[PDB]
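*Asks:* My questions will all concern the structure given below.
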Amino acid sequence: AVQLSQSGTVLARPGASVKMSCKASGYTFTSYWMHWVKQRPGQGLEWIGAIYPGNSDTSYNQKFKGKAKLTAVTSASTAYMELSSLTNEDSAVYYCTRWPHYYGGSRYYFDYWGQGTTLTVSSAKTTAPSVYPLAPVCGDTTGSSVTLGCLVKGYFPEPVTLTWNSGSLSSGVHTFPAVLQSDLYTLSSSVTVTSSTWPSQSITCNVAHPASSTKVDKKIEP
Amino acid sequence: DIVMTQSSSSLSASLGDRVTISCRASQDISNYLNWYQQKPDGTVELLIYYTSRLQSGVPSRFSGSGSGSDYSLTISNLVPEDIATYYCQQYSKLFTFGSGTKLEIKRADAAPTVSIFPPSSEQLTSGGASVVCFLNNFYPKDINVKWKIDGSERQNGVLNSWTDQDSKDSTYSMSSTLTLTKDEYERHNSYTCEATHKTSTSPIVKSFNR
């Protein structure tokens with residue numbers, strides 16, 4: 001029914017500028033207001049502003065005037081937002097949602113939202129990750145199980161697909177969120193199996209970084 | 001501009017519980033306040049509108065109330081899918097979203113299972129030395145990790161990452177990495193990561209020597 005499809009992940013260097021879209025369908029594009037909301041990693045929702053495709057009226061959250069510019073194309077039923085003078089504080093997820101035009105009643109809200117367009121502001125260039133096996137040492141055993149690990153370091157941009165033994169070993173796995181380390185992402189993952197299964201039965205780490213078409217397999221050795 | 005504030009930063013409850021989330025405006029917003037739900041996947045959903053009106057298709061488990069500057073969201077009985085982050089929104093004067101409040105399920109207390117890992121030979125040849133320490137499956141979420149090299153605490157060069165509550169066992173897990181230069185790592189013998197958690201007064205110690 002009512003559908004709001006947004007552009008894909010965008011990568012930009014500081015100072016630069018970008019323009020993302022939101023394609024609406026299933027309703028009269030010119031009967032609603034198109035709003036834009038921002039959300040940084042682990043942060044809350046912050047209203048940016050809105051525009052009325054019908055006549056082109058726009059309302060902005062003072063904070064964003066000079067950073068965000070809203071636009072629309074009735075002929076294509078698509079909303080556009082342009083962010084300028086990009087900085088690190090601009091890296092976040094941006095959602096588009098709709099709000100009804102006044103016509104009496106109380107049904108005014110953000111009933112439909114877009115899936116969100118991720119924007120990452122960085123100067124780093126495409127970088128394939130280094131994969132390091134984490135073999136256990138005395139003390140890395142608990143109960144009748146042992147813990148193994150894999151370290152993915154220095155890659156850009158996100159994401160990376162990490163599996164164990166081609167995907168067959170999925171339980172007892174802990175893949176942690178990537179974090180920054182010199183403008184490059186670093187990620188970790190642990191796997192816990194029955195102490196008897198290792199190392200009689202090999203355990204391998206599988207890393208894939210689409211951006212660089214890289215594929216690395218690291219077998220954990222004692 | 002009107003500021004919204006949800007004192008409730010993180011809420012812990014049990015399945016079947018009756019949970020209530022607060023929201024406060026800087027001024028009377030005349031009941032112009034909506035409630036939204038954001039699932040861990042990032043999906044956002046409209047729950048209640050105009051303070052107390054339940055949106056179509058939303059489980060009757062949800063309801064809103066309040067007036068003036070104080071408003072709140074209540075869930076009759078909590079179910080697995082309700083575990084998410086909730087935001088309130090005022091629309092009396094432009095638009096403003098609350099700070100947000102996340103829900104988490106209660107479970108039995110669990111001490112972290114700690115394991116430490118020395119730098120791989122591959123990374124060492126690259127001139128780098130990373131020491132990793134896993135603190136898996138613990139509860140509550142509050143946990144403190146400390147690194148020591150040859151018995152001396154070290155803060156610099158430590159990066160941490162936290163997973164969200166597990167959807168199966170409701171536990172939490174942490175990963176701490178101590179990155180040093182190959183030379184530094186080769187100057188010292190013992191590396192230790194200690195975990196401090198509600199489940200005990202004495203820290204969980206994991207260490208190794210070269």
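What is reported rests on the model, the rules as stated and the sources as named; no laboratory read-out is quoted. Here Cβ is always computed from backbone atoms with ideal geometry, including for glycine, and neighbour counts include all displayed protein chains.
*Asks:* Residues B:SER175, B:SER207, B:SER190: which one is over 30 Å from B:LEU11 (Cβ atoms), among the small types (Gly, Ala, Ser) and either free of Cβ contacts under 8 Å to residues at least 60 places away in the same chain or not assigned by CATH to the domain that holds B:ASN137 (or both)?
*Replies:* Exactly one of B:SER175, B:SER207, B:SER190 is over 30 Å from B:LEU11 (Cβ atoms), among the small types (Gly, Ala, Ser) and either free of Cβ contacts under 8 Å to residues at least 60 places away in the same chain or not assigned by CATH to the domain that holds B:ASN137 (or both), namely B:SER190.
*Asks:* Would you check if B:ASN34 is outside the structural domain of B:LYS168 (by CATH) and surrounded by fewer than 18 Cβ atoms within 10 Å (Cβ to Cβ)?
*Replies:* no
*Asks:* Something else about it: Confirm whether B:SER161 is outside any strand (DSSP E or B), under 30 Å from B:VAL44 (Cβ atoms), within 12 Å of another protein chain (Cβ to nearest Cβ) and hydroxyl-bearing (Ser, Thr, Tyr).
*Replies:* no
*Asks:* For residues that are under 16 Å from A:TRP99 (Cβ atoms) and free of Cβ contacts under 8 Å to residues at least 12 places away in the same chain, tally how many sit in the range B:30-43.
*Replies:* 0
*Asks:* A:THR97 - would you say it is crowded, with 18+ Cβ neighbours inside 10 Å and at the interface with chain B (Cβ under 9 Å from one of its Cβ atoms)?
*Replies:* yes
*Asks:* Follow-up question, since we're still on this one. Select, from A:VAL137, A:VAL131, the only residue that is within 14 Å of chain B (Cβ to nearest Cβ), over 15 Å from A:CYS22 (Cβ atoms), assigned to a loop (DSSP other than H, G, I, E, B) and among the β-branched types (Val, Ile, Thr).
*Replies:* Result of the check over A:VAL137, A:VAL131: A:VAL137.
*Asks:* Related question: B:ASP150 is checked against (1) of a type outside the set (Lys, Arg); (2) buried (at least 16 other Cβ atoms within 10 Å of the Cβ); (3) closer than 26 Å to A:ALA135 by Cβ and fails just one. What number does that condition carry?
*Replies:* Checking B:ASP150 against (1) of a type outside the set (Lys, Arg); (2) buried (at least 16 other Cβ atoms within 10 Å of the Cβ); (3) closer than 26 Å to A:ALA135 by Cβ, the one that fails is (2).
*Asks:* Find the strands (runs of 3 or more DSSP E) located wholly in the range A:20-72 whose residues include 1 or more that are hydrophobic (A, V, I, L, M, F, W, C), and list them.
*Replies:* Details: elements: A:32-39, A:46-52, A:57-60.
Filter on the range A:20-72 gives A:32-39, A:46-52.
*Asks:* Restricting attention to the range B:127-134, does a residue exist that is in contact with a strand residue (DSSP E or B) (Cβ under 6 Å, 6 or more places away or on another chain), within 20 Å of A:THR141 (Cα to Cα) and among the aromatic types (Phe, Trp, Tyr)? Spell out how you get there, then give the answer.
*Replies:* Here is the first cut: in the range B:127-134, the ones in contact with a strand residue (DSSP E or B) (Cβ under 6 Å, 6 or more places away or on another chain) are B:129-134.
Still in the list and also within 20 Å of A:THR141 (Cα to Cα): B:131-134.
With among the aromatic types (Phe, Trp, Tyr) added as a condition, the list becomes B:134.
Checking the range B:127-134: at least one residue is in contact with a strand residue (DSSP E or B) (Cβ under 6 Å, 6 or more places away or on another chain), within 20 Å of A:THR141 (Cα to Cα) and among the aromatic types (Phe, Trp, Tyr).
*Asks:* Would you point out the residue of the range B:44-100, among those that are touching a residue at least 40 places away in the same chain (Cβ under 8 Å), outside any strand (DSSP E or B) and within 9 Å of chain A (Cβ to nearest Cβ), that is surrounded by the most Cβ atoms within 10 Å (Cβ to Cβ)?
*Replies:* B:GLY98
*Asks:* In the range B:186-207, how many residues are crowded, with 17+ Cβ neighbours inside 10 Å and either under 12 Å from B:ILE116 (Cα atoms) or in contact with a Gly (Cβ under 9 Å, 6 or more places away or on another chain) (or both)?
*Replies:* 7
*Asks:* Just give me the residues in the range B:123-139 being surrounded by 17 or more Cβ atoms within 10 Å (Cβ to Cβ) and either polar (S, T, N, Q) or more than 13 Å from chain A (Cβ to nearest Cβ) (or both), in sequence order.
*Replies:* Selection gives B:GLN123, B:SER130, B:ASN136, B:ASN137, B:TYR139.
*Asks:* Testing A:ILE48 on (1) under 26 Å from A:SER122 (Cα atoms); (2) touching a helix residue (DSSP H, G or I) at 6+ places or on another chain (Cβ under 6 Å); (3) without any contact (Cβ under 8 Å) to a residue 40 or more places away in the chain, one condition comes back false. Which one is that?
*Replies:* (3)
*Asks:* Taking the conditions exactly as written (buried (at least 18 other Cβ atoms within 10 Å of the Cβ) and touching a strand residue (DSSP E or B) at 6+ places or on another chain (Cβ under 6 Å)), does B:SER120 satisfy them or not?
*Replies:* Taking the combined requirement at face value, the residue satisfies it.
*Asks:* Look through A:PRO129, A:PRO100, A:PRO53, A:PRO136 and report the one residue that is touching a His at 6+ places or on another chain (Cβ under 8 Å) and not basic (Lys, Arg).
*Replies:* Working: A:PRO100 fails: touching a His at 6+ places or on another chain (Cβ under 8 Å); A:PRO53 fails: touching a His at 6+ places or on another chain (Cβ under 8 Å); A:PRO136 fails: touching a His at 6+ places or on another chain (Cβ under 8 Å).
Just a single option satisfies the conditions, and that option is A:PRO129.
*Asks:* Out of contact with any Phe, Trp or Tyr (no Cβ under 9 Å at 6 or more places or on another chain), closer than 23 Å to B:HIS197 by Cβ, charged (D, E, K, R) and more than 10 Å from chain A (Cβ to nearest Cβ): does that describe B:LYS106?
*Replies:* no
*Asks:* Take the residues in the range A:157-176 that are surrounded by fewer than 16 Cβ atoms within 10 Å (Cβ to Cβ) and touching a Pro at 6+ places or on another chain (Cβ under 9 Å), then tell me which one is nearest to B:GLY157 (Cα to Cα).
*Replies:* A:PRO159
*Asks:* Also, quick follow-up: When the residues of the range B:176-203 are filtered to those that are part of a helix (DSSP H, G or I) and acidic (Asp, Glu), which remaining residue is nearest to B:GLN155 (Cα to Cα)? Before you say what the answer is, go through the steps one by one.
*Replies:* In the first step, residues of the range B:176-203 are kept if they are part of a helix (DSSP H, G or I); the result is B:182-185.
Right, trim to acidic (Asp, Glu) and you get B:183-184.
Details: B:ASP183: 18, B:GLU184: 14 Å.
Checking each candidate, the answer is B:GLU184.
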